[PDB]
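Visitor: Sharing an experimental structure here, sequence included.
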Amino acid sequence: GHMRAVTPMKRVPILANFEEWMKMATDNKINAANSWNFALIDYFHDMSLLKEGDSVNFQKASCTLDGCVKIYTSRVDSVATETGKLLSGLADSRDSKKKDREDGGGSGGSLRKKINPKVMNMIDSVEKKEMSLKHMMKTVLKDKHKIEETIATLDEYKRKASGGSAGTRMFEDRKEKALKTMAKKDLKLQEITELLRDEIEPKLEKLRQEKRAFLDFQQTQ
């Protein structure tokens, strides 16, 4: 409890924060679990760092757009990756090949109660995961819309600029090139989205049926 604290010296430069993000994305250094909280759209949407003065050098635009497509598609991949971890946790509790180490009974005469409400509340936690997965893809799609907005803005710059210092022609070919790669992985992205709604969402319903309805709800499991 002091009124006099240490000086606010030494900060993390926004330029440096961009540099680390680039290194992560370009080198595939950005792992899936932490591919989150990494969005190039932050710089892309609000042309601050990547804008040189009143105009943006399409050098920044091309480089950032290219990397953005890379990290964008890596992020959606991370959604499916985390989805696999959810399935992993499920299958883990579905194994019965291991010999019974612990019975769980022991002293008999243990009076168990009826279907307690807390049973359903355990699934309530499952709902949270489902919603977060939905929100995850929602975030990915949200970035997509933001990309579209920004490329349009950059296209305006390419429309206003004849091609002096800004590489309008270079950005033209680069935009479509990146969008082609985006469209390529778009098939995977939409697939993940669809499968999420196809199998991942009903996962909760079958969870309820398999675990709760069969074992807890119905007598004699």
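Guide: Arrived safely. Numbering: from 1, shown residues only.

Visitor: Residue 18: neighbouring residues, count only.
Guide: 17 (other CB atoms under 10 Å). Any C-beta I mention is one placed from the backbone N, CA and C, and that applies to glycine too.

Visitor: Confirm it sits in a helix?
Guide: Yes: residue state for residue 18 (DSSP: H, G, I helix; E, B strand; the rest coil) corresponds to a helix.

Visitor: nearest residue to it other than its sequence neighbours?
Guide: Distance criterion CB to CB, 6 or more residues apart in numbering; nearest residue to residue 18, sequence neighbours excluded, is residue 49 at 5.5 Å.

Visitor: what's the answer for residue 166, then?
Guide: Spatial nearest neighbour of residue 166, chain neighbours left out: residue 58 (5.0 Å); criterion: CB to CB, 6+ apart.

Visitor: go on, residue 136?
Guide: Nearest residue to residue 136 in three dimensions, chain neighbours excluded: residue 79, at 4.9 Å (CB to CB, 6+ apart).

Visitor: The one you found and residue 153: what is the separation?
Guide: Distance of residue 79 to residue 153, given as CB to CB, to the nearest Å: 27 Å.

Visitor: Could you check which of these two has the larger neighbour count?
Guide: Remark: of residue 79 and residue 153, residue 79 carries more neighbours, 22 against 15, as counted by other CB under 10 Å.

Visitor: Checking my notes, the more buried one in a helix, right?
Guide: Yes: Residue 79 sits within a helix when classified using three-state DSSP.

Visitor: so what's it up against?
Guide: Each residue near residue 79 by CB atoms under 8 Å, 6 or more residues apart in numbering is listed here: 133, 136-137, 140, 192, 196.

Visitor: ok, it to residue 141 distance?
Guide: In terms of CB to CB, residue 79 sits 11 Å off from residue 141.

Visitor: Residue 52 too?
Guide: Taking CB to CB, one finds residue 52 at 30 Å from residue 141.

Visitor: By residue count, tell me the biggest helix in this protein.
Guide: helix 118-160 (DSSP state H).

Visitor: what's the spacing between that one and its chain's center?
Guide: From the chain centre to the centre of helix 118-160 is a distance of 8 Å (CA atoms, centre = their mean, to the nearest Å).

Visitor: Please renumber the chain so that the first residue is 16 from this point on.
Guide: Let's use 16 as the start, then, which means that last one is helix 133-175.

Visitor: Packing partners of that helix?
Guide: Under the contact criterion of 3 or more CB pairs under 8 Å, 6 or more residues apart in numbering; DSSP states H and E, helix 133-175 touches helix 56-60, helix 73-107, helix 183-210, helix 217-222.

Visitor: give me the number of residues near residue 93?
Guide: Counted by other CB under 10 Å, the residues lying close to residue 93 total 21.

Visitor: Residue 22 too?
Guide: Using other CB under 10 Å, residue 22 has 5 neighbouring residues.

Visitor: Check residue 91 too.
Guide: Residue 91 has 25 neighbours, counted by other CB under 10 Å.

Visitor: Likewise for residue 18?
Guide: Using other CB under 10 Å: residue 18 sits among 4 other residues.

Visitor: tell me the secondary structure for it?
Guide: coil.

Visitor: What distance do you get for it to residue 25?
Guide: Distance of residue 18 to residue 25, computed by CB to CB: 22 Å.

Visitor: Then residue 191?
Guide: To residue 25, residue 191 is 43 Å away according to CB to CB.
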